[PDB]
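Quick look at structure_11.txt (compact mmCIF, C-alpha atoms):
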# COMPACT_ATOMS: atom_id res chain seq x y z
CA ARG A 1 0.00 0.00 0.00
CA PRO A 2 -0.88 2.50 -1.24
CA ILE A 3 -2.20 1.16 -4.55
CA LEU A 4 -4.39 2.63 -7.25
CA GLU A 5 -7.72 1.02 -8.16
CA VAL A 6 -7.99 1.02 -11.97
CA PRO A 7 -9.83 -1.52 -14.16
CA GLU A 8 -7.88 -3.59 -16.66
CA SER A 9 -9.98 -2.21 -19.51
CA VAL A 10 -12.82 0.21 -20.25
CA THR A 11 -14.99 0.81 -23.30
CA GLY A 12 -16.47 4.00 -24.66
CA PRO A 13 -18.78 4.57 -27.61
CA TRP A 14 -17.41 6.14 -30.76
CA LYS A 15 -18.05 9.91 -30.66
CA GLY A 16 -19.35 9.54 -27.07
CA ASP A 17 -17.86 9.88 -23.60
CA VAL A 18 -15.95 7.53 -21.31
CA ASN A 19 -14.75 7.49 -17.69
CA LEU A 20 -11.46 5.83 -16.74
CA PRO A 21 -11.70 5.08 -13.00
CA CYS A 22 -8.65 5.75 -10.84
CA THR A 23 -9.35 5.70 -7.10
CA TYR A 24 -7.41 5.11 -3.90
CA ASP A 25 -7.96 5.12 -0.15
CA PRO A 26 -6.42 8.28 1.36
CA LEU A 27 -3.79 7.46 3.99
CA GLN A 28 -2.92 9.57 7.02
CA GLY A 29 0.30 11.43 6.28
CA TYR A 30 0.29 10.86 2.50
CA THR A 31 -0.35 14.26 0.91
CA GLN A 32 -1.15 14.11 -2.80
CA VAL A 33 1.36 16.32 -4.61
CA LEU A 34 1.10 15.16 -8.26
CA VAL A 35 -1.46 13.46 -10.48
CA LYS A 36 -0.61 12.44 -14.04
CA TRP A 37 -2.47 10.60 -16.75
CA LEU A 38 -0.27 9.17 -19.49
CA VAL A 39 -0.96 7.50 -22.83
CA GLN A 40 1.27 4.65 -23.97
CA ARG A 41 3.20 5.35 -27.18
CA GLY A 42 5.12 2.15 -27.76
CA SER A 43 7.73 1.95 -25.01
CA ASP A 44 7.16 5.55 -23.87
CA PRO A 45 4.41 6.75 -21.52
CA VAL A 46 3.49 10.28 -22.60
CA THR A 47 1.90 12.70 -20.14
CA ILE A 48 -1.46 13.98 -21.35
CA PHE A 49 -2.60 15.55 -18.05
CA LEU A 50 -0.77 16.96 -15.04
CA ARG A 51 -2.17 18.20 -11.73
CA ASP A 52 0.37 20.05 -9.58
CA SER A 53 0.46 22.94 -7.11
CA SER A 54 -0.22 25.43 -9.92
CA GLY A 55 -3.35 23.63 -11.12
CA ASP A 56 -4.44 21.38 -14.00
CA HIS A 57 -2.54 21.17 -17.28
CA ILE A 58 -3.41 19.38 -20.52
CA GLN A 59 -0.09 18.32 -22.00
CA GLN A 60 -1.03 16.87 -25.42
CA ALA A 61 -2.92 19.04 -27.88
CA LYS A 62 -5.38 16.41 -29.14
CA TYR A 63 -6.98 16.18 -25.66
CA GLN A 64 -7.64 19.92 -25.30
CA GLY A 65 -11.31 20.53 -24.56
CA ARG A 66 -12.02 16.78 -24.30
CA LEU A 67 -10.35 15.88 -21.00
CA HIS A 68 -11.42 16.26 -17.37
CA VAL A 69 -10.00 14.73 -14.19
CA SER A 70 -12.09 14.39 -11.03
CA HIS A 71 -10.98 16.50 -8.08
CA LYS A 72 -13.88 16.98 -5.66
CA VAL A 73 -13.32 13.80 -3.60
CA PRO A 74 -9.97 12.83 -2.02
CA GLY A 75 -8.82 9.62 -3.64
CA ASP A 76 -10.79 9.91 -6.90
CA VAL A 77 -8.69 11.16 -9.83
CA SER A 78 -10.67 9.42 -12.56
CA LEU A 79 -10.25 10.66 -16.14
CA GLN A 80 -13.17 11.56 -18.41
CA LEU A 81 -12.72 11.79 -22.18
CA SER A 82 -15.37 13.26 -24.49
CA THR A 83 -16.10 12.89 -28.22
CA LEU A 84 -14.10 9.68 -28.55
CA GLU A 85 -12.22 9.00 -31.77
CA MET A 86 -10.99 5.59 -32.85
CA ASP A 87 -7.50 7.10 -32.49
CA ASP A 88 -8.10 7.49 -28.74
CA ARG A 89 -7.75 3.72 -28.30
CA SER A 90 -4.60 3.09 -26.23
CA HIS A 91 -3.32 2.05 -22.82
CA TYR A 92 -3.69 4.88 -20.30
CA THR A 93 -1.77 5.10 -17.03
CA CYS A 94 -2.95 6.82 -13.86
CA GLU A 95 0.00 7.97 -11.73
CA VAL A 96 -0.24 9.60 -8.29
CA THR A 97 2.61 10.95 -6.16
CA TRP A 98 2.30 11.46 -2.40
CA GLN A 99 4.67 13.20 0.00
CA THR A 100 5.06 12.16 3.64
CA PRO A 101 5.86 14.54 6.53
CA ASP A 102 9.58 13.67 6.26
CA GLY A 103 9.71 14.74 2.60
CA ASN A 104 9.85 11.22 1.17
CA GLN A 105 7.75 10.74 -1.96
CA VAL A 106 5.81 7.61 -2.89
CA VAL A 107 4.61 6.98 -6.44
CA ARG A 108 2.02 4.49 -7.69
CA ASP A 109 0.66 3.89 -11.18
CA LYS A 110 -1.77 1.53 -12.90
CA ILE A 111 -2.72 0.82 -16.51
CA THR A 112 -6.10 0.53 -18.20
CA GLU A 113 -6.85 -0.24 -21.85
CA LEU A 114 -9.37 2.09 -23.49
CA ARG A 115 -11.31 0.50 -26.36
CA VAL A 116 -13.61 2.65 -28.51
CA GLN A 117 -16.69 0.79 -29.72
CA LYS A 118 -19.28 0.93 -32.52
CA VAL B 1 -5.09 -15.37 -14.41
CA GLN B 2 -3.07 -18.42 -13.35
CA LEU B 3 0.70 -18.36 -12.78
CA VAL B 4 2.81 -21.54 -12.68
CA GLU B 5 6.51 -21.57 -11.76
CA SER B 6 9.08 -24.00 -13.13
CA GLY B 7 12.68 -24.68 -12.19
CA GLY B 8 14.40 -24.54 -8.84
CA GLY B 9 16.13 -27.04 -6.60
CA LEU B 10 19.52 -27.55 -5.00
CA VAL B 11 22.72 -25.90 -6.28
CA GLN B 12 26.21 -25.21 -4.99
CA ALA B 13 27.29 -21.67 -4.12
CA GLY B 14 28.68 -19.99 -7.21
CA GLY B 15 26.27 -22.02 -9.36
CA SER B 16 23.13 -21.00 -11.18
CA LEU B 17 19.50 -21.84 -11.90
CA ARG B 18 16.85 -20.65 -14.34
CA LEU B 19 13.33 -20.10 -13.05
CA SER B 20 10.37 -19.59 -15.37
CA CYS B 21 6.72 -18.64 -14.90
CA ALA B 22 3.88 -19.08 -17.38
CA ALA B 23 0.71 -16.99 -17.31
CA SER B 24 -2.75 -17.58 -18.72
CA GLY B 25 -4.69 -14.92 -20.62
CA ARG B 26 -4.24 -12.97 -23.83
CA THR B 27 -3.03 -9.56 -22.53
CA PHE B 28 0.32 -10.66 -21.10
CA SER B 29 2.45 -7.91 -22.67
CA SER B 30 0.43 -5.22 -20.83
CA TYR B 31 1.19 -6.69 -17.39
CA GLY B 32 4.25 -6.04 -15.28
CA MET B 33 5.74 -9.24 -13.90
CA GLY B 34 7.79 -9.74 -10.77
CA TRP B 35 9.72 -12.26 -8.72
CA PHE B 36 9.63 -12.31 -4.92
CA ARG B 37 11.25 -14.60 -2.36
CA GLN B 38 10.62 -15.72 1.22
CA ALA B 39 12.96 -17.61 3.53
CA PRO B 40 11.67 -19.42 6.64
CA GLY B 41 11.01 -17.02 9.50
CA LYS B 42 11.44 -13.97 7.25
CA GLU B 43 8.97 -11.83 5.37
CA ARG B 44 8.61 -12.00 1.60
CA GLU B 45 10.83 -9.59 -0.30
CA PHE B 46 11.23 -8.14 -3.78
CA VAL B 47 13.75 -9.77 -6.14
CA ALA B 48 13.16 -8.50 -9.69
CA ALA B 49 10.49 -7.05 -11.94
CA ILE B 50 9.97 -6.42 -15.65
CA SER B 51 7.63 -3.70 -16.87
CA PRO B 52 4.86 -4.09 -19.46
CA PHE B 53 5.38 -2.82 -22.99
CA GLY B 54 9.08 -1.95 -23.34
CA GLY B 55 10.08 -4.29 -20.51
CA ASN B 56 12.23 -2.13 -18.25
CA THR B 57 13.93 -4.34 -15.67
CA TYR B 58 14.34 -3.67 -11.95
CA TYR B 59 16.33 -5.57 -9.34
CA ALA B 60 16.82 -5.64 -5.61
CA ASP B 61 20.23 -4.11 -4.93
CA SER B 62 21.50 -7.39 -3.45
CA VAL B 63 20.88 -9.32 -6.70
CA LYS B 64 22.05 -6.68 -9.19
CA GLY B 65 24.78 -8.13 -11.37
CA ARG B 66 23.76 -11.68 -10.41
CA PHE B 67 20.12 -12.19 -11.48
CA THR B 68 18.54 -11.35 -14.84
CA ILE B 69 14.80 -11.13 -15.55
CA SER B 70 13.37 -11.36 -19.07
CA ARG B 71 10.06 -12.11 -20.78
CA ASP B 72 8.78 -13.75 -23.96
CA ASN B 73 5.37 -12.20 -24.65
CA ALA B 74 4.49 -14.66 -27.42
CA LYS B 75 4.86 -17.43 -24.79
CA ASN B 76 3.28 -15.66 -21.77
CA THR B 77 6.50 -16.54 -19.94
CA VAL B 78 8.83 -14.61 -17.65
CA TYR B 79 12.29 -15.94 -16.79
CA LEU B 80 14.72 -15.40 -13.92
CA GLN B 81 18.32 -16.48 -14.51
CA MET B 82 19.92 -16.57 -11.05
CA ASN B 83 23.72 -16.65 -11.34
CA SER B 84 26.48 -16.30 -8.72
CA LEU B 85 24.20 -17.89 -6.15
CA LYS B 86 24.98 -17.57 -2.45
CA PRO B 87 23.56 -19.45 0.56
CA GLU B 88 21.67 -16.26 1.46
CA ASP B 89 19.63 -16.73 -1.75
CA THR B 90 17.97 -19.84 -0.29
CA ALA B 91 14.22 -19.19 -0.27
CA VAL B 92 10.91 -19.96 -1.96
CA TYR B 93 10.62 -17.84 -5.11
CA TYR B 94 7.24 -16.54 -6.30
CA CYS B 95 6.22 -15.03 -9.63
CA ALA B 96 3.51 -12.39 -9.70
CA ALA B 97 1.63 -10.19 -12.17
CA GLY B 98 0.19 -6.69 -11.91
CA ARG B 99 -0.78 -3.67 -14.00
CA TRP B 100 1.78 -1.18 -12.74
CA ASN B 101 3.83 0.58 -15.41
CA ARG B 102 6.90 2.37 -14.01
CA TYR B 103 6.32 2.50 -10.25
CA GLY B 104 5.29 0.38 -7.28
CA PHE B 105 6.85 -2.86 -8.59
CA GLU B 106 8.45 -3.53 -5.19
CA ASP B 107 5.07 -3.35 -3.40
CA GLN B 108 3.43 -6.78 -3.19
CA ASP B 109 -0.03 -5.21 -2.96
CA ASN B 110 0.47 -4.00 -6.56
CA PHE B 111 0.40 -7.59 -7.89
CA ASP B 112 -3.00 -9.22 -8.23
CA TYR B 113 -1.90 -12.72 -9.30
CA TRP B 114 0.61 -15.01 -7.62
CA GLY B 115 2.18 -18.39 -8.16
CA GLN B 116 2.56 -20.97 -5.42
CA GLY B 117 6.35 -20.66 -5.43
CA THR B 118 9.36 -22.88 -6.10
CA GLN B 119 12.07 -23.71 -3.58
CA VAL B 120 15.71 -22.80 -4.25
CA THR B 121 18.43 -24.07 -1.91
CA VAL B 122 22.05 -22.91 -2.26
CA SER B 123 24.55 -25.09 -0.40
CA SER B 124 28.12 -24.05 0.35
As structure tokens, how would this structure be written, given the file I've shared?
Amino acid sequence: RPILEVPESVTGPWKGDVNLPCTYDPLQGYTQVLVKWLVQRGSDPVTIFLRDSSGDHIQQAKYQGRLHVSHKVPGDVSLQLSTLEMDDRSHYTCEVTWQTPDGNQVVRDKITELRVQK
Amino acid sequence: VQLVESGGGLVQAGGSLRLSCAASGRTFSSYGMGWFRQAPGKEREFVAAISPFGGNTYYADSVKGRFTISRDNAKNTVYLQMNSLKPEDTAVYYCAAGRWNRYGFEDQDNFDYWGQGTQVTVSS
């Protein structure tokens, strides 16, 4: 522990919307300092979303205006993608970094496969 | 997903063994695979891991330069070549599978599937 809770795969309808669940149980002392969602490009995970102390940042142009990440509940950083294209099919990684009172950082990630249907 | 280990047994210090682990399913390449070990009276500890996709490899510091992990995705098989074996390497070795990518591969809670283990004994 901690671990992220992310399904092995999700489906979304072509031209519709999809939610990629990424949840965790908040732990006493583990302050969330970074959230990233990444898309797998061969051997390279590529950041598409970053949440840091300055706010939310969409890091790949093709997701601009189509990407939201939950923020209202501690431990729910699920990703929502709208107007799905067939070219959105990929493996997506949820990655959360926590910092403990001593300054140590702990990182966890987990992969889901997004399939776009119909 | 079922995981089945092969290999193991008795070897002399300085010798070597190859362990293997076969996985069911059809999405093997997207799983990170790991090896863990447990000696009697001690807790289970990380040995090596290999990431999904590009297959980055990670090793406990005490096995770096001695053990090598690799995978054959067309065979759903992960291998552990344990060279330069020492009596301190005596333990039951377990293969495991999870959906981590670059982080958390040392944390046993990050692996959802486990084999029953194979015993390795290194005699001096």
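Every residue of chain B that lies within 8 Å of chain A is listed here, counting all atoms listed in the file: residues 53, 54, 99, 100, 101, 102, 103, 104, 107, 109 and 110 of chain B.
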Emit the selected residues as an mmCIF file, keeping the file's coordinate frame, including C-alpha atoms.
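Saved as again-v1.cif:
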data_model
loop_
_atom_site.group_PDB
_atom_site.id
_atom_site.type_symbol
_atom_site.label_atom_id
_atom_site.label_comp_id
_atom_site.auth_asym_id
_atom_site.auth_seq_id
_atom_site.Cartn_x
_atom_site.Cartn_y
_atom_site.Cartn_z
ATOM 1 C CA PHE B 53 5.380 -2.820 -22.990
ATOM 2 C CA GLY B 54 9.080 -1.950 -23.340
ATOM 3 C CA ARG B 99 -0.780 -3.670 -14.000
ATOM 4 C CA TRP B 100 1.780 -1.180 -12.740
ATOM 5 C CA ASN B 101 3.830 0.580 -15.410
ATOM 6 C CA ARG B 102 6.900 2.370 -14.010
ATOM 7 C CA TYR B 103 6.320 2.500 -10.250
ATOM 8 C CA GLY B 104 5.290 0.380 -7.280
ATOM 9 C CA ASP B 107 5.070 -3.350 -3.400
ATOM 10 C CA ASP B 109 -0.030 -5.210 -2.960
ATOM 11 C CA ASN B 110 0.470 -4.000 -6.560
#
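Comparing the minimum interatomic distances between residue 94 (chain B) and each of B:37, B:18, B:75, B:26, counting only C-alpha atoms, we find that B:37 sits nearest.
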Just checking: using only C-alpha atoms, which residue out of B:96, B:39, B:122, B:69 ends up closest to residue 4 (chain B)?
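Among the listed residues, the smallest separation from residue 4 (chain B) belongs to B:96.
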So that I can check the surroundings of residue 49 (chain A), please list as a VMD selection string every protein, DNA and RNA residue that reaches within 12 Å of it, counting only C-alpha atoms and ignoring chain neighbours fewer than 3 positions away.
chain A and resid 34 to 39 45 to 46 52 55 to 70 77 to 81 92 to 96
Give the answer as one residue: which of A:105, A:117, A:53, A:28 has the shortest atom-to-atom distance to residue 15 (chain A), using only C-alpha atoms?
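Ranked by minimum distance to residue 15 (chain A), first place goes to A:117.
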Using only C-alpha atoms, which residues sit within 9 Å of residue 74 (chain A) once same-chain residues fewer than 4 positions away are excluded, as a PDB file with C-alpha atoms, in the coordinates of the input?
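Saved the output as result.pdb:
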ATOM      1  CA  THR A  23      -9.350   5.700  -7.100  1.00  0.00           C
ATOM      2  CA  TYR A  24      -7.410   5.110  -3.900  1.00  0.00           C
ATOM      3  CA  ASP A  25      -7.960   5.120  -0.150  1.00  0.00           C
ATOM      4  CA  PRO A  26      -6.420   8.280   1.360  1.00  0.00           C
ATOM      5  CA  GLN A  32      -1.150  14.110  -2.800  1.00  0.00           C
TER       6      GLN A  32
END
Coordinates-based distance that separates CA of residue 10 (chain B) from CA of residue 84 (chain B) (Å, one decimal)
13.7 Å
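For the pair CA of residue 93 (chain B) and CA of residue 120 (chain B), the separation is 7.2 Å.
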Rounded to one decimal place, report the CA of residue 50 (chain B)-CA of residue 12 (chain B) distance in Å.
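Going from CA of residue 50 (chain B) over to CA of residue 12 (chain B) covers 27.0 Å.
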Residue neighbourhood residue 102 (chain A), 12 Å, only C-alpha atoms, exclusion window fewer than 6 positions, as JSON, numbers by chain
{"A": [29, 30, 31]}
Exercise: residue 19 (chain B) partners within 9 Å, all atoms listed in the file, chain neighbours under 2 positions left out, as an mmCIF file with C-alpha atoms, in the frame of the given file:
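Written out: part-v9.cif:
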data_model
loop_
_atom_site.group_PDB
_atom_site.id
_atom_site.type_symbol
_atom_site.label_atom_id
_atom_site.label_comp_id
_atom_site.auth_asym_id
_atom_site.auth_seq_id
_atom_site.Cartn_x
_atom_site.Cartn_y
_atom_site.Cartn_z
ATOM 1 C CA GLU B 5 6.510 -21.570 -11.760
ATOM 2 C CA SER B 6 9.080 -24.000 -13.130
ATOM 3 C CA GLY B 7 12.680 -24.680 -12.190
ATOM 4 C CA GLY B 8 14.400 -24.540 -8.840
ATOM 5 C CA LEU B 17 19.500 -21.840 -11.900
ATOM 6 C CA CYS B 21 6.720 -18.640 -14.900
ATOM 7 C CA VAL B 78 8.830 -14.610 -17.650
ATOM 8 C CA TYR B 79 12.290 -15.940 -16.790
ATOM 9 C CA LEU B 80 14.720 -15.400 -13.920
ATOM 10 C CA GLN B 81 18.320 -16.480 -14.510
ATOM 11 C CA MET B 82 19.920 -16.570 -11.050
ATOM 12 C CA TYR B 93 10.620 -17.840 -5.110
ATOM 13 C CA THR B 118 9.360 -22.880 -6.100
#
Contacts of residue 11 (chain A) at 6 Å (all atoms listed in the file; same-chain gap of 6+ positions) as a PDB file with C-alpha atoms, in the coordinates of the input:
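Ended up saving to result_21.pdb:
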ATOM      1  CA  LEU A 114      -9.370   2.090 -23.490  1.00  0.00           C
ATOM      2  CA  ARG A 115     -11.310   0.500 -26.360  1.00  0.00           C
ATOM      3  CA  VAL A 116     -13.610   2.650 -28.510  1.00  0.00           C
TER       4      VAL A 116
END
